[PDB]
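What follows is one structure encoded as structure tokens, with my remarks underneath.
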6 protein chains.
Amino acid sequence: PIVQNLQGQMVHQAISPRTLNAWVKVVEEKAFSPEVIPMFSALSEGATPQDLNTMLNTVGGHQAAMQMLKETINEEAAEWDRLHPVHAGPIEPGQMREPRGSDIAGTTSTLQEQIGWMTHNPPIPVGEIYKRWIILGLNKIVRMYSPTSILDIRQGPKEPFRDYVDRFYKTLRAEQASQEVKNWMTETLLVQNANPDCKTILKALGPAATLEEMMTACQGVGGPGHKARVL
Amino acid sequence: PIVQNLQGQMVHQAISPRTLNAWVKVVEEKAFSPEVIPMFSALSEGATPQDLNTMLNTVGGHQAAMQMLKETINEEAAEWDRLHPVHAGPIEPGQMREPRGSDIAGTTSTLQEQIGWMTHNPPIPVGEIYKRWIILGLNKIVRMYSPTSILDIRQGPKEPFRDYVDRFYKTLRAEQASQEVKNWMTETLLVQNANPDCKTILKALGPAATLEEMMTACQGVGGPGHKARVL
Amino acid sequence: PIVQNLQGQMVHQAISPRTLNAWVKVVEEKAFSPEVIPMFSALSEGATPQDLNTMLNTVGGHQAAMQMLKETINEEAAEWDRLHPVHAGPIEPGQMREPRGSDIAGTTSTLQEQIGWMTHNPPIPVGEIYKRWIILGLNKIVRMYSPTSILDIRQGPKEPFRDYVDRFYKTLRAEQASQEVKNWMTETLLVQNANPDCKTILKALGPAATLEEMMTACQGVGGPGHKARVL
Amino acid sequence: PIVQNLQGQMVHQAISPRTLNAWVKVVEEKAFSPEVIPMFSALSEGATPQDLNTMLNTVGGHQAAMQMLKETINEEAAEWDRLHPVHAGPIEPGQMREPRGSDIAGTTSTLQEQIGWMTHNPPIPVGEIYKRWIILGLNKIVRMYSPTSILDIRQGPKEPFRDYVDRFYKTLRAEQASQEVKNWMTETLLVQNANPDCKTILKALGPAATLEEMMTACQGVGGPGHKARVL
Amino acid sequence: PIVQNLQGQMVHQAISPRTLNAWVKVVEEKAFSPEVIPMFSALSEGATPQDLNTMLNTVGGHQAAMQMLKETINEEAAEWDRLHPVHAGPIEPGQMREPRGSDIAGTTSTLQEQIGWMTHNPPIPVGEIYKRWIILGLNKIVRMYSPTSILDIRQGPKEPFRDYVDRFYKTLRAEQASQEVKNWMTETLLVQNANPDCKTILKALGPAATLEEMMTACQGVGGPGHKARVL
Amino acid sequence: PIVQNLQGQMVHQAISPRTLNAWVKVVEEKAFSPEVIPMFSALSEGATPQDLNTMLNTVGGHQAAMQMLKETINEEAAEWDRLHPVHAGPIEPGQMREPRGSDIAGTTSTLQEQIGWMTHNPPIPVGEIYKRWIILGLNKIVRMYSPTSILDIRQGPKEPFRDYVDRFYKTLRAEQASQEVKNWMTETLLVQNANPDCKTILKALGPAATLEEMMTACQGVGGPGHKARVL
């Protein structure tokens, strides 16, 4: 990784292998749940492409999904090669070469080379770009492997609103369709697939009613207060 | 995180996945509680608004909680909107631009602008501002996860004052009413829903008497259904 | 806490959450036992009032004992407030005002200000005074848990004196009895209800003995359990 | 190792027992998996040849395997001596000299010379060469005691495609055949040993198509839902 | 404990709850065995009496033992008063006072007296004085609660000499008698209580060979099953 | 123990009982074993001779070999002391004395001077000498506890040159058998009861074939060695 807030010059610094074992622990235990991606976002911060392949390639398991990840990163590399014109040397003797797509994967590049483009005036953030390609591919892997579908989250007759919301959100989180697509569902579908006791407050009483009145909706067996269950 | 320092200039510091993994170990295995609030408060000390977000976005479980937390912040963001001036003349120097409420909450702002506002004279304490707005959504969660309802608890007929007080005090604290109301729970309701030996001792002891005597009451007695006392 | 202890150069450092979480687990597992009291003293060493408030209120242990521990902080600050009458209240740009009861607990006050009384000449011992208010509150909770009966610990005719001496020193650690009340019990409990062969030996010794002499005594019971030199 | 990032990068740090225990656990779970080579690359960041020897003899299990690895070290160490005619400078330690393949494997060298060499201008990268020799013996064991032959795996009779390729890509990963054979096995052995109506889909999609289109196919083989993670 | 020795700026530190949880697992495990005497004596070199009273009162079990430790300390605090009275010569304002034996055990002294005496030149080391009454205390508990005799150990018929010699040296360490007597014990009892076939091997080996020779001879009687008994 | 992260200044901290205990945790659980020696090196770099004396005397187990090691660390002191000319100074302000046998072991030395020597420029490394002395005692306990009699390790009559490896190389890790007589073990004894096909491969290549060449020889008997090493 590269560190530049301890003193004002960039210096390279080793990865802790314990953290790698913890990232392995989180995808070994929790798999393709959309919550894992935060640990990786924290992992990949302030990295090089050499740190990034180490991070991608420490996950030994899940190789269909890693091979889907590998296809997504090859297609962004390949996009990068056809969106530029074809020459890639220094503009003038003694200036540096231009980043290729494969250099961004650290494939055809070495640590000093990647870091001199990161420290140059102006720099090219090849590490943050390679992290994007993984992060797209993680967002892809969570959706592909989600067991539930966001239109068919439907509220039972014995299920609290808070329990419905816990099923809806996680599934909504793991689905990869757009932000406004996602907000539009929370105006529509969230109401639509609610049980009539919850839906009755959400349609008729609307914006006027308290947040609390909605979150304690469809929980009235035994009156106020939350109900202890082992599940 | 950030390193404010004794006489040096304040400085940014490298992300910890081990803090992050450690934080949601409480959410996953202890759940949300008044007891989380000073651990979260000590854990989120020295944190930027972006570190605060990384921590909250990690949380996978608890999504009717997470939605209660987002909504409860949107009131205090929109409160920040009208406090902010319509016109007051020229923007201060030594700061990148001037924030609005989303820029406080790390939402729209870059980690340079955030530390920029801290480094300006005087400081804008964006992450300390935000740190309460989370605690308010935390407060709201505490009132949606309460399972003891302050009227309908009582002391059982021969049950310890030690266990009753634990019963009444931990309920009282999560109840969201004014202190004058909270004092009425302890003045009236308390006595009343206590069994006759614990009220009778409390009636019998004077105002400068020991609480070590009150706190041992009702251990090895028969109470209603089993007594021989006429009162 | 404060670091550079007792040296003319003291500076505050935030408590690690790992340290705090060690104090939360120490408290949840060992509970309000005699053992945990000096464990609190270590952590209290150079704690501020503002750390001490965190330590007291972050813990998920029995609340009726915590409420009497808090009610001793309230008794001790109205006593201090009784001890020193205080002239002139807070003013906005002021410094080095007199410390009220509320402020020594850290309630009406802020970190920089608490620091101000500790770095004064000669220094106020702001956390020590509050620290002593907690230690009393601890000691009172041990008297609530005390065995009802000292006369039903096992003290029959085969029960050995060293194991009985544990049974008694644990019955005493809970009671916390004065040297004049212990002098009554060493004769007419301890040495009286010793097993026959050991009490014959203890009748020759007499009960005014030291523990070192009492433990040295008892060679003439069968086997090696009571002997001080073993063949 | 040196993990130093401030100053002249010269201050050596001791490797930790705790880290070497977390490493020893990985060998206990997964000795023969290629997810170990990046964990071990991550553990050998910044190592001296003393440290590399400490880490090689920390593993106690897999006797024949770590004595294959040591065979492999000694072969390259002897390769090195007939690759280089005439080693420059003293034949004895502790004066300016060319490290032999034995000084490189740490055997005739000292930490004192190993730091001299790594701190030289240009730096002589003894802990990196010694790393690469361990990596070459480690890959050979990892391929040698691999559990799966690529040829003998097949799809199961009422089995999905998703768990069949979960194994096939992971098996193609520690495969010893070169990329041109690896693409023939992808091209042929995948779709040869696929079950008949998936073979249908495979050939209908063709080879150039995204893997993601194939990962959503052959799911009605598993039928109705009955075992996935609860939201 | 006192840290940062020999730079010209001594520092004091405090003991973390996680350290304390580790300490009292170890002291309650090894209370009656000599194993405890090095642990205490190492931590004395860096401990104030306030540090040593922390290590004493956190242990939490063995009340006859651990209190008799404290009685021994107050016994030897009394001794100190009449072996050296404070202040035989002059005394004046601004001069550092002589320690009393209650100032040694920390009971009457402040922490600044205790660091002040220690950090003088030639030093007054009150931590090293207090360690004598501690180590005496430790020998009194392990002497009284260890019933183990050097006079009942022996080698059975199928017992390895290495197994007998290891138990004998462990019971030798436990036995409190001066080295010249122990040299006698090895001379005599160790040959005398050895197994006849092996008293013959030692008669054939003679008296002037090494400890390595006795324990590597005379082994392997235990059928196939011998491997469980010896390492 | 000492720690240093920066040039030309450092921090001696007091010995953790947690880290003392880890060493005890390796000895109590795994005893004397090859991997004690790595772990012990990784631990002991920052340790003073007083740290190392604490680690030895805290052992409670394996007491006869702790004596064998005590004799070994003492005779190495004697060999260091005897074989350099003696000109043994006193404690002299601003002059460093010449380490002698007893000084290297802490015996006739004190904590200031142990930091002194270890942290000079160029260093005087007494704890690095003292490491090697302890190590040389430990090779003897291991060599006693490890297997022996390389001649008696035979191949089953139905074995296909394949399963002897793990006991055979454990004995060769224990002490190295010389290349001619290890050829002779292989040619004369080891292959003697073997199938004709394995006897034809072993004689063609010679007794000194690679462990890679032999484990990939004799294919498809189904004998000894046809089990998984990790499952």
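Taking the beta-carbon count within 10 Å as an exposure proxy, list A:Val181, C:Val24, D:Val11 from fewest neighbours to most. Please report the intermediate quantities before stating the final value.
Working: A:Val181 11, C:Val24 22, D:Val11 16.
Arranged by neighbour count, lowest to highest, A:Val181, C:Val24, D:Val11 become A:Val181, D:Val11, C:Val24.
When the Debye formula is applied to the Cα atoms of the stretch F:89-197, each taken as the same point scatterer, what base-10 log of I(q)/I(0) results at q = 0.12, 0.17, 0.24 Å⁻¹?
The calculated log intensity ratios at q = 0.12, 0.17, 0.24 Å⁻¹ are -0.61, -0.83, -1.26.
On average, how many beta carbons from a partner chain sit within 10 Å of the beta carbon of a residue in D:218-225?
Mean shielding count: 0.
Compute the distance from the alpha-carbon center of the stretch A:100-162 to that of the stretch C:70-111, in whole Å.
A separation of 54 Å, based on Cα centres.
Residues with beta-carbon under 11 Å from that of B:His84, excluding B:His84: net charge, scoring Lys, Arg +1 and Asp, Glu -1? List each step's numbers first, then the result.
Details: positive: B:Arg82, B:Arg100; negative: B:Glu79, B:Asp81, B:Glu98, B:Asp103.
That works out to -2.
Which whole-number percent gives the relative contact order of chain D, counting Cα pairs below 8 Å spaced six or more residues apart?
18 percent
Taking only C-alpha pairs under 8 Å that are 6+ residues apart, what is the relative contact order of the stretch F:144-194 in percent?
About 53 percent, as a whole number.
If neighbour count is taken as other Cβ atoms inside 10 Å, put B:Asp152, F:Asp166, E:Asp103, A:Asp152 in order from fewest to most.
Going from least to most buried by this count: A:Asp152, B:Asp152, F:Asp166, E:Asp103.
For the stretch C:29-147, what does the relative contact order come out to in percent, with C-alpha contacts under 8 Å and a separation of six or more?
It comes to 41 percent, rounded to a whole number.
Give me the orientation-averaged projected area of the Cα convex hull of chain C, in nm², one decimal. Don't skip to the answer; put the middle values down first.
Details: hull surface 71.5 nm².
If you wrap the Cα atoms of chain C in a convex hull and average its projections, you get 17.9 nm².
Would you kindly work out, in nm and rounded to one decimal, the distances from the label point of C:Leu136 to those of the same position in each other copy, ordered shortest first, with label points 7 Å along Cα-to-Cβ?
Counterpart label points of C:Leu136 in the remaining copies fall at 3.6, 3.9, 6.4, 6.8, 7.6 nm.
Determine ³J(HN,Hα), in whole Hz, for all residues of the stretch F:175-180 in sequence, where each value follows from phi through the Karplus function 6.51 cos²θ - 1.76 cosθ + 1.60 and θ = phi - 60°; x replaces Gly and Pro.
Taking θ as phi minus 60°, the curve returns 8, 7, 8, 5, 3, 6 Hz for the stretch F:175-180.
In Å and from the alpha-carbon atoms only, list the Rg and Dmax of the stretch A:22-159.
Rg and Dmax of the stretch A:22-159, Cα atoms, are 18.6, 74 Å.
Please go through the stretch A:1-54 and write out the GluC sites (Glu not before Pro) that DSSP classes as loop and that have at most 11 other C-beta atoms within 10 Å.
none
Please express the shape of the protein assembly as shown as an equivalent ellipsoid: the semi-axes are the square roots of 5 times the eigenvalues of the C-alpha gyration tensor, given largest first in whole angstrom.
They are 54, 52, 35 Å, listed from largest to smallest.
From the Cα gyration tensor of the stretch D:139-231, with a ≥ b ≥ c the square roots of its eigenvalues, which class applies: rounded if a/c is under 1.5, or else prolate if a/b is larger than b/c, or else oblate?
Values: a/c = 2.11, a/b = 1.38, b/c = 1.52.
Oblate.
Taking a label point 7 Å out from Cα toward Cβ, give me the nm distances from B:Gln13 to the same spot in the other copies, shortest first, one decimal.
Ordered by distance, the counterparts are at 1.0, 1.1, 1.5, 1.5, 1.6 nm.
Between C:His12 and residues 5 or more places away or on another chain, which pairs have amide H atoms under 5 Å apart, with H built 1.01 Å from N, and which residues are they?
The list, which skips near neighbours in sequence, is C:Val3.
Taking θ as phi - 60°, what are the ³J(HN,Hα) couplings along the stretch D:22-32 by the Karplus curve (6.51, -1.76, 1.60), each to the nearest whole Hz, with x for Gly and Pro?
In residue order, the calculated couplings are 4, 5, 4, 2, 6, 4, 4, 6, 9, 2, 9 Hz.
What does the copy distance list look like for F:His87, label position 7 Å along Cα→Cβ, in nm and ordered from shortest?
Listed shortest first, these distances are 3.5, 5.2, 7.4, 7.5, 9.2 nm.
What distance in nm separates the two pseudo spin-label positions at F:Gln95 and B:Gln7, each 7 Å out from Cα along the beta-carbon direction?
4.1 nm
How would C:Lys158, F:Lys170 line up from fewest to most surrounding beta-carbon atoms within 10 angstrom?
C:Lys158, F:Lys170
Taking the alpha carbon gyration tensor of the stretch B:1-77, what are the square roots of 5 times its eigenvalues, largest first, to the nearest whole Å?
Value: 25, 15, 12 Å, ordered largest first.
Which residue, D:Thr148, D:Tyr169, D:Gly223, has the largest displacement toward the positive end of the dipole of the stretch D:123-231 when charges sit on each Cβ (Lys, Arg +1; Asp, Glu -1)?
My answer, from the dipole projection, is D:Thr148.
For the stretch F:127-231, what number of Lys pairs, 8 or more residues apart or on separate chains, have alpha-carbon atoms under 28 Å from each other?
Value for the stretch F:127-231: 18.
In sequence order, what are the phi-derived ³J(HN,Hα) couplings for the stretch D:50-64 according to the Karplus relation 6.51 cos²θ - 1.76 cosθ + 1.60 with θ = phi - 60°, rounded to whole Hz, with x for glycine and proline?
Ordered by residue, 3J(HN,Hα) equals 4, 4, 5, 4, 5, 7, 6, 9, 6, 6, x, x, 6, 4, 3 Hz.
Let me confirm one metric for peptide A:10-16, namely the mean number of other chain beta-carbon atoms within 10 Å of its residues' beta-carbons.
5
As an exercise, use a Förster radius of 41 Å and the Cβ-Cβ distance of B:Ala209 and B:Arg143 to find the FRET efficiency, rounded to the nearest 0.05.
0.70
Report the local net charge at B:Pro38: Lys and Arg +1, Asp and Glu -1, summed over other residues whose C-beta lies under 11 Å from its C-beta.
Overall, the nearby charge balance is -3.
None of the figures in this text is laboratory data; all of them are computed from the coordinates on show. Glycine also receives a Cβ, built like all others from the backbone with ideal geometry; neighbour counts cover every protein chain displayed.
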